[PDB]
Structure formats: structure tokens, C-alpha cells
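J.:
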Amino acid sequence: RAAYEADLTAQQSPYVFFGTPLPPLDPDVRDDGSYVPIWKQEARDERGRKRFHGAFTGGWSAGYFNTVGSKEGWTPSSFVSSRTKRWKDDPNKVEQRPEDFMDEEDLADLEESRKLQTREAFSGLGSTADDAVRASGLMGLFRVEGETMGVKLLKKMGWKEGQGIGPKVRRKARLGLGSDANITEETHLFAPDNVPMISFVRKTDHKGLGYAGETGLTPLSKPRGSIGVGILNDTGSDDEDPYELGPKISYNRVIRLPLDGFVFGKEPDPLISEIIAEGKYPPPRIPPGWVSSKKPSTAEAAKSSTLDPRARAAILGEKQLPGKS
Amino acid sequence: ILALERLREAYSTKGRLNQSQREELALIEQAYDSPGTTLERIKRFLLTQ
Amino acid sequence: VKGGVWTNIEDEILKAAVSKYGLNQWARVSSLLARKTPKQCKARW
Amino acid sequence: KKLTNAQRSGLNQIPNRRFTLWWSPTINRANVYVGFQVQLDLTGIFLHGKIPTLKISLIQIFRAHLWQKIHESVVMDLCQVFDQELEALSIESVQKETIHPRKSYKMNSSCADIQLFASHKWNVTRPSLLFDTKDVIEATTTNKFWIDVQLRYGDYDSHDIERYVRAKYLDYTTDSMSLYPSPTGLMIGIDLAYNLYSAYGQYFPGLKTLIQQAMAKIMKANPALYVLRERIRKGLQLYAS
Amino acid sequence: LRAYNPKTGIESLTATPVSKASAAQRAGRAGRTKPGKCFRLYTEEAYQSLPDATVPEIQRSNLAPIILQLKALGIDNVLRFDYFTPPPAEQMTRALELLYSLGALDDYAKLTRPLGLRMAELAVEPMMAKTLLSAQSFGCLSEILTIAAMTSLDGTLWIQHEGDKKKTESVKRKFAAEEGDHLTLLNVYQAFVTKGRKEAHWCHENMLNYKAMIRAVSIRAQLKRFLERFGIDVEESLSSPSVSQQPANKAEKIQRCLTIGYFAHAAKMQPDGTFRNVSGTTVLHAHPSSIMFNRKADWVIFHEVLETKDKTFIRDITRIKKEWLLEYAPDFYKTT
RNA sequence: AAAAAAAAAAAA
RNA sequence: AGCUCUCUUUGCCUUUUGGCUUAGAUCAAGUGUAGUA
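Order-wise, the sequence lines are chains E, G, R, Z and V. Per the working numbering, the very first residue in the first sequence carries number 4; after that it's consecutive. Per the working numbering, the very first residue in the second sequence carries number 234; after that it's consecutive. Per the working numbering, the very first residue in the third sequence carries number -3; after that it's consecutive. Per the working numbering, the very first residue in the fourth sequence carries number 1014; after that it's consecutive. Per the working numbering, the very first residue in the fifth sequence carries number 16; after that it's consecutive.
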């Protein structure tokens, strides 16, 4: 029946010259790659049969058919040494690693426990873990950001955090002495301030602008650990605590007629009003006597463009960043 | 709040709900989110049903 | 959604499943349908 | 997930297996009223009666010749200790003996699995425990030594490894089924279920303290005991912090 | 409006209230031919706290192509640059982190030996421009040059036929590849160019557009010219019938180069069907246009992430391996 | 005035 | 009147639902997008 699925895949997906074609959409041939929820999935082993094999993974057998041995058996490798051929200075030191004594299940669980995370110098997608550090008060005043290296490379070229970017601002100061303008105003070159970011509130509803909406009601309040009762006998978590009844009680310490539903604007929009208005700019005088002085490829130049940015910015009058000196 | 709290004591126990229990939990959460519409529905049911 | 207004297609599938299955088997009849519970099919009948 | 009845029953059965593995020294207790004692195959664990839950838990803990591998790892790490300490004890050549791949779980008799050759006659003392201090050196001299390793899985009513090594030395030297070559030697004993260790036998001077340091090092840093402890920790799901 | 989050690193297409100037233009677009009426659906006091102008576009975009272009012009002092409105002080830090991860920049915030110049002049998203540079050293170049033609493309290839549901799946399965969604685009390009003889009605039965994808053909030609100016010779083996190289190694070579490039956009699929980042914090879902909407995978890369009304989707799903991430991102990712 | 197998782990 | 042809009608059951119990017992479900070109 391999020829039937083979030429059915050839007929349904003829132009697959890259990757692997999908199995055909038919009731006869199942879809192995399709994701069928979890409440629809079945527990199968490496061989496809529906059984378990561990004692702590829900099987009625364990090991090599209820035996702690193996089909290949065990053979103790030998060890001989003397003053002449001493073991410590031999070149082929076969070391006694904790993996000769393990099994494929042990290695599988070892790599299962070994997770993946980004390095300290690079930030990842969706990383939101600094709020607990920052929203702590005096605890967060000592724990500063651990120098993600983009901030460090901006630091090297002349940036200090707490202020924005741009050309340097020539404002004198504020000393905390109110708004005194009697200062000499000799105007040191400061750094531009940081404009804040934007954070739009999530909008899934169709509720309009300025609408408060209906407010909700809150529910009426609400050697560590133990050996479990089973993942299927946990039912509704009938056990919380035997020694006292109920949840944790939190305590205080004290004791033309317009359209229907539309109102007429009391004032017109100014922004549409300057469209037909004369504006606030008088046109130029234009005295008689002025005369127009001017009487009435890119790809090839880009190919010949040998101007590297070291020499491209030289004619642009820009100061290059300091390098390795 | 009291009515919904005593309705939760049966089924707020997490796990192994049938379809009607899940519908009840969805209805209770919907009533928690929008109390006024639920109260208007209840009063209409008392008047009419 | 489990529930909703009843359509003519759902009504005719309900009648056909009642024909094939009877009145004491509502879970099968609801299993022909998609948006209706056994109790809702029984109430509609 | 959609589970069959046997899979569901095994999944329900897992916490009982964890509870039985946790309480196994008092469940697989030596002092029983009745019960046919049977040795679990390829290990040194004696089961009294038929407890399938305890048996399947101990099969999961000891998968793939782990008793034999613990024995091999202990004898090899003692071999590297003796290899790095030939000079201080005048050891001529050290090798470990291998004909039977059955010695680890043989509780009837035993063999010798480490040999030491002496360039000069050693004035060994009386057979004494590993932590004895009242050493009495006698006039008898020897020219060869053996080291024997005995694994043991104890229980609540029998985990005294001191009496175990002493009685097994007094039993395993006068017995003719044991094939110990040299008349003088030392037998160490390792209780896996309680992580205990001891020895009984003669001592040429400079062996007792070396065996003490090597035994502490191998109890804290055995790869095979590390695999055993990690399998036990996964079986219990008892983590540290 | 689209707003690239600087801390997380995802876009957010969210429903922002309109600005005063935008609403004024919307009102003034009515009375063009005859005097009309304006029907803004909010109160008059709601047209009093609205923003006067829209949010600056330089403040809610990924600055990494912009910093790339600025260093291409030679202005490397992006901190001291005469911006019209300055971007806020930590968005370009994320941009510089992204540019350092994508080769390009050194430890001294400078555009490097022409690696950085080769990502500088290409009109591609710098992620897979980095891929296309790190393609020639590892063999295949023309296949992901084709994928580069397909990626730099806004309006989708498939004509959205709502009347066909199983037929759209079948014609998407006519060129389907299990090893990701990029190979499907490569397959449809090879079907159009090699055997299709540049014919539009064939695309009309295949539920595909014509103008944007022949534009993508021109884009592939332009990028081939651009890498011709890079000094690397072009290995066009697609016209040759030399199929003696095994295609499984070629496919994993293409996706291996892709995860050499796309190591930053890495995710792992969870049992409940959703995806999750390497940090394991934000919930991601497959976009309902990619080939892996119902398919099961373990580790994936995606071309771009966008936040809809509530779900955060990821596009162009491609299967990868975890050890590929641990091998080709040694300074970005580390195991425990 | 002193008590300790089976279901149930499936027909070239 | 009988014999044959076709049709109708009557009779016809021509294979015309192997048992029992707690109606034997239970039984929702992935996802599903698209400011701007």
C-alpha cells in the first residue's frame, strides 16, 4: 500500500522540489503532522503502541522486561598497572564520567532539564522581568541594569543614561531657586532630555471615545510540599489544608434640524477654519525690479561609487567617532 | 456577589467539569464582568419567566 | 457556541436523527449536530 | 489526553510507587513474620514476600546493570587511588581481578577484586575495623594483600555495616568456597540504602588513613553513586533549594 | 497604528485614538464637490483632550534599518545628529543590540570591514540580509535569494478567495513543504519561472496574484545585481539539471542558513498549541496564512511578529533545531 | 490479662 | 367454454431487528489573521 500513498502524494503535490511534501488529505491516510488538541491526543511509545514502561511514568513493567539487565549483557572492562606502565601518565586516559553509568532515558531527562535562555549582554523577545526589581523602593535603588552591551557601546561614544539623544542643548541651568531669570545665563552645553515612549492601551472592544463602560465586581476574597494524590485523582483539589478550615482570611488592623442622536457643535473646528481663511502670513512684497536669474544614470554612478563612509562623510563635514586608540 | 460566590462553591474546584458546569462557570464569570446586564436579565426573568 | 437560535437545517437533522435513533438516545442526536447539547435537542423536540 | 484503562491505572498508581520507594527500608524490612526471601536478579536486594510496587520501583531505580556498574566504579576508583599512591606504601604493581561478571550480587561467597604486591615483608596488625585506634601489630609478616568490595542494600532492621563487614570477613576467610589468594587482606563494605561504609581486615602501616581519605572521596564523588542518587531523586521528586 | 516596543521587541498594531490634525483632515475630505456634513462619533468634549498631532513615526518604529542607513551615509554619531524630533533614548539601544547581533557592528559601535557595508546597502530587512551574506560561505545562495525576493513583499501572493476553503488548502498544498513556509514560496517561484513560462492565467487557476510577484522577480534580479557588486560570483545552478546533490541536505542547508540568520526570532511550540519565546514569557500564535497553522513542530523561526487586537501572531513559520541555536548564536544564547 | 494466583497490566 | 399473451386483484413472508444489567456505563473544545503600498 506504499505505492498508493506514494503516487497519491505525487498527484496531490506534484511540485515539491524543496522540503518534504505533506501526506494526502484522505480519510484512508492519517495526518501525522497535524496538531490534534490534547484532549484528543493518545499516549504512544516510540513503537507506536499505547503503553507505558516506567515505574514512575505509569507502566506495569520496568527495565528490560521486569529485569534490571540488558540484552547485550554486561562486561567488566579490565585495569592493570605497574611501576613501568603507570596508569596516571598514560596518554589514553579514559576518564570515569557520569555518563558511562547512565541510560538513554537518563540522558533524555538531562537534556530536558537543560533549558535555553539568552545571554546577559543581549535582551530577548518579550523579556519582562525588571518590574519586580524596580517596583521595590530602596531594594531597587541598588540593583541597577546589568549593562546590556548596546547601552555600553552607546556609553563609549558619548552617551549617559537618564537623558535623550540629539544635538546638545544650550540652556543655562535650573538650580532649584524657583524660576529666577537673574542668572548670568552663560549657557553651558547640556544634553537633550528623554522624551517618553508610548504605550497604547489594548483595544478589542468597539466602545467609543470617552466611554467609561461597565465596571466589574470582584470575587468575595480568597520540608515544603507533599507526595501527590495523582494527576487524575486531584479531581477538584479536595485537599487544601486539614489543620484549619477554609481559605486564608485576610484581616484589617482598624475595625437646520440635525440628525437623530447628534448635537450641533457650539464652536466650529479651527483647523478646518484656517483652510478658507486668509491665514496669519502676509505674502511677500515683491517690488518691481527683481528678475529670475535662471533663464528658461543613478545605477551607473552607484556602480562607480567608490566613496566608502570613511571618505563619504569627509566631504559632509561630520566628525567621526573615536576608534581604537 | 453572594449569589455567585455560593454558586462557585460547587464548581470552582478546578478540574473535571462536564458541559453544564463549564457553561455555569462561563455564565458566572460573565456576570462578574458585567453585573448590570446580569441584574437586568435576572429582574426580567422574575417579571416574565 | 453551545446554544443559539434554531435553524431549519438543524431542525431537519434533528428529525432525521430522531428517525434513525429514537427518543431515548439524545447524545447521538446531539452528536450529529454541532452547536446543541442533548438537553437542547430534547427541549427543541 | 485520551488514555486507555491500563495507562490510566498506572498513572493513578505512580504516587503509591513514590510512597513505597520512600518508605522502602521499613517496608522491605528484614524481620518479617513469614515470607519467602528471594534475591532480586542481578542485584543484591533481598525481597521478603511479593510487593509488586516496591519491586517495580527498585527495578526502575536500578536499570541497566547499575549494581554491577556501582561495584565496577568503586573498584576502579580505588584502583586509581592505589595507582596515585604506589610510592608512599611501597606498592609494586596494582591490578584488579576479573573473571566472573557476577561477583557484585553474590551473597553466598566472594572473590578478591583488588590485589597489591609487596616488595618487602609488611608487619600487618590484627584484623580490625576501619576506624579502630587500638591497633596491635603482631610478629606475622606478609608479602601480598587483597582488597575485596562488598555492596549491600540494607533495611531498617539491618543496616549496621560494621557488623556486616566483620561477620562477612570472619565468614568469608574460614570458608573454602571463597578463593582469596593471599592470607592477609581487607574487605570494605558499602551500604547503598543508607550510604554507609566500613571495612574489616589487617593493615600494613599507612593503609588505614589512605583508605579513610579514599573512601570519603568515593562516597562524595562516585559517578555511579551519582547516577543512583539522581535516579532516586527523580523517583521521589524530592528536590533541594 | 504600529508601535515597536523597545523592551520586549515586538510590534503592536493597536487602535489609537485619532489626532486633532488627522480628524481635521478626515472632516475636510468630505466637502470637496458639494457642501457636505461631518459625523464624528464622539462627544464635543472628547474632541478636547485628543492629541494635537500624531505620535512621531521615528518614535514608534524599529530604528535598526535607520541606524544602518545613517552609518551607510557615514554619520556614525547617531547620538549627535540633527533629528527633527529625537527618538527616545532606549529604542535605539535595542536597535544597536539588534545590529550587533546581526554581525554588522563591532564592539566599538562602528560599521565594520564590508560585512557591515554589505548589510548597509541592501534594501532588505537586515536579518535576512545577514542571512544572504552568511549564505555564500555555506553553499546555497540562489535559493534564499529567491526567498529574499518573496520576503520583501507586502501584499500576499495568494488571492484571498473566501468562496473556496478546501480548494485554497489544496492549492496551498500543491506546493507545500513540511520543512517550513519559506520553501513553499521558493517552490511557487520556481514553478512560475522555470516551468510556468511567466504565464498569468496559470497563476489565475493557482489562486495567486501576478503584479506583486513579477515585481518580486524584478526584486530578485535587482538583489542579484546588488550581490554582483558585492564581488561574490553568482552560482545559478537552478537552470542546470545537476540534481546529483541530495535534496534533504540542501533543504536543511537552506534552513540552517536561515537559523544562522534568524536566531533572534526563535520560538518553541507548547503543548496547548501556542508558541513561546526563548525567555518563556509571552504567548505567540501561528498566523493563519502560514503553512504551519495546524502542523506540529518543536522549534521554529518566524519572519516577523505582529500584535493584533489581542493575539500576537508570527508569520512565515520555519522548522529549526535547538542545537542550531546553540551552535550559531554562541554569544546570544547559552544553555543552563 | 495482649487480634501476617487470577481478573490485571491483549491472531505466517 | 377452454388454451396462451399482457395487465390488474386477492392470497403471499417468501432473508423479511440472537439475549441479559446501573436507558450496562460514559462522552464541550485548539487556533483562525490582515494601519500603511
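Where a beta carbon is used, it is the ideal one built from N, C-alpha and C, also for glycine.
1. Just by C-beta distance, which residues in the segment 278 to 294 of chain V are closer than 9 Å to chain E?
2. For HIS1084 of chain Z, does the three-state DSSP call read helix, strand or coil?
3. Going by CA-CA distance only, name the one from Z:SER1189, Z:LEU1192, Z:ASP1184 and Z:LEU1091 that's closest to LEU1223 of chain Z.
4. Is there contact between the segment 1075 to 1088 of chain Z and the segment 1229 to 1247 of chain Z, where contact requires at least three CB pairs shorter than 8 Å?
5. How would you list, in chain order, the residues of chain R whose beta-carbon sits under 8 Å from the beta-carbon of residue 216 of chain G?
6. Using the Cα positions of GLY1202 of chain Z and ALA1212 of chain Z, report the straight-line distance between them to the nearest angstrom.
7. In whole angstroms, give me the CA-to-CA distance for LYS1134 of chain Z and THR1155 of chain Z.
8. Using CA atoms only, rank isn't needed, just tell me which of E:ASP208, E:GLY233 and E:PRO170 is closest to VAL93 of chain V.
9. Quick check: the Cα distance between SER257 of chain V and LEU130 of chain V, rounded to an integer number of angstroms?
10. Sorted by chain position, which residues of the same chain lie with C-beta nearer than 8 Å to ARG75 of chain V's C-beta, five sequence neighbours on each side aside?
11. Please name the residues in the segment 255 to 286 of chain E whose beta-carbon is closer than 8 Å to at least one beta-carbon of chain V, in chain order.
12. Spell out whether any CB of chain R is found under 8 Å from the CB atom of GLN252 of chain G.
13. Name the residue from E:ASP242, E:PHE125, E:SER296 and E:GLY76 whose alpha carbon lies nearest to the alpha carbon of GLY233 of chain E.
14. Quick one: grab the DSSP three-state call for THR1056 of chain Z.
15. Just checking: is the beta-carbon of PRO222 of chain E within a distance shorter than 8 Å of some beta-carbon in chain G?
16. Spatial neighbours of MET142 of chain E within its chain, please: CB distance less than 8 Å, with the 5 preceding and 5 following residues excluded, ordered by chain position.
17. The beta strand (DSSP E) spanning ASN1156 of chain Z covers which residue range?
18. Taking a cut of 9 Å between CB atoms, which residues from the segment 229 to 241 of chain E lie near chain G?
19. Which runs of the beta strand (DSSP E) fall wholly inside the segment 244 to 308 of chain E and span at least 3 residues, in chain order?
20. Alpha carbon to alpha carbon, what distance is there between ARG291 of chain V and residue 352 of chain E?
21. Work out the CA separation of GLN63 of chain V and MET160 of chain E for me, nearest whole Å.
22. Let me confirm a value: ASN185 of chain E is counted as buried when at least 16 other C-beta atoms fall within 10 Å, else exposed. Which label applies?
23. State the beta-bridge partners of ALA1212 of chain Z as determined by DSSP.
24. Is the CB of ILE90 of chain V under 8 Å away from at least one CB in chain E?
25. So who's on the other strand from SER37 of chain E, going by DSSP bridges?
26. Please report the straight-line C-alpha distance between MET307 of chain V and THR333 of chain V, rounded to a whole angstrom.
27. Could you tell me which chain E residues have their CB closer than 9 Å to the CB of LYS189 of chain V, listed as they occur along the chain?
28. Quick check on this structure: which residue in E:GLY231, E:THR151 and E:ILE41 has the alpha carbon closest to the alpha carbon of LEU1251 of chain Z?
29. Between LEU1053 of chain Z and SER1117 of chain Z, what straight-line distance do the alpha-carbon atoms span, to the nearest angstrom?
30. Following the continuous beta strand (DSSP E) through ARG291 of chain V, name the residue where it begins and the one where it ends.
31. As a quick exercise: from E:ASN197, E:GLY72 and E:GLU277, pick the residue whose alpha carbon is nearest that of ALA1077 of chain Z.
32. Can you tell me the Cα-Cα spacing of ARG47 of chain V and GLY127 of chain E, whole angstroms?
33. May I ask you to report which of helix, strand or coil DSSP gives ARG17 of chain V?
34. Note down, in chain order, every chain V residue with its Cβ under 7 Å from the Cβ of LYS327 of chain E.
35. Can you pull the chain E residues whose beta carbon is under 7 Å from the beta carbon of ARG249 of chain G, in chain order?
36. Could you please give the first and the last residue of the uninterrupted beta strand (DSSP E) stretch that includes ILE1127 of chain Z?
T.: Taking the geometry as given:
1. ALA279, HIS280, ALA281, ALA282, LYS283, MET284, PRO286, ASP287, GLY288, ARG291, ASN292, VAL293 and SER294
2. helix
3. Z:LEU1091
4. yes
5. Any property of residue 216 of chain G remains undetermined from this structure, which presents chain G solely from 234 to 282.
6. 6 Å
7. 5 Å
8. E:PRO170
9. 31 Å
10. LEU16, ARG17, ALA18 and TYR19
11. Here the close residues are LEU262, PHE265, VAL266, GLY268, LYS269, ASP272, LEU274, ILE275 and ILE278.
12. With 8 Å as the cut-off, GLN252 of chain G counts as an interface residue toward chain R.
13. E:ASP242
14. coil
15. yes
16. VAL136
17. 1155 to 1165
18. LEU235, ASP237, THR238, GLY239, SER240 and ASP241
19. none
20. A query on residue 352 of chain E cannot be resolved here, the shown segment of chain E reaching from 4 to 328 and no further.
21. 43 Å
22. exposed
23. Z:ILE1201
24. For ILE90 of chain V, the answer is yes, since a Cβ of chain E falls inside 8 Å of its Cβ.
25. V:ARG310
26. Roughly 8 Å between the two C-alpha positions.
27. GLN15, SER16, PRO17, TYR18 and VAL19
28. E:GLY231
29. In this structure, the CA atom of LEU1053 of chain Z is about 13 Å from the CA atom of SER1117 of chain Z.
30. 290 to 292
31. The residue with the shortest Cα to Cα distance from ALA1077 of chain Z is E:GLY72.
32. Cα-Cα distance, rounded: 50 Å.
33. strand
34. By Cβ distance, chain V contributes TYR123.
35. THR238 and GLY239
36. In the DSSP assignment, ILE1127 of chain Z falls within the unbroken beta strand (DSSP E) covering 1127 to 1135.
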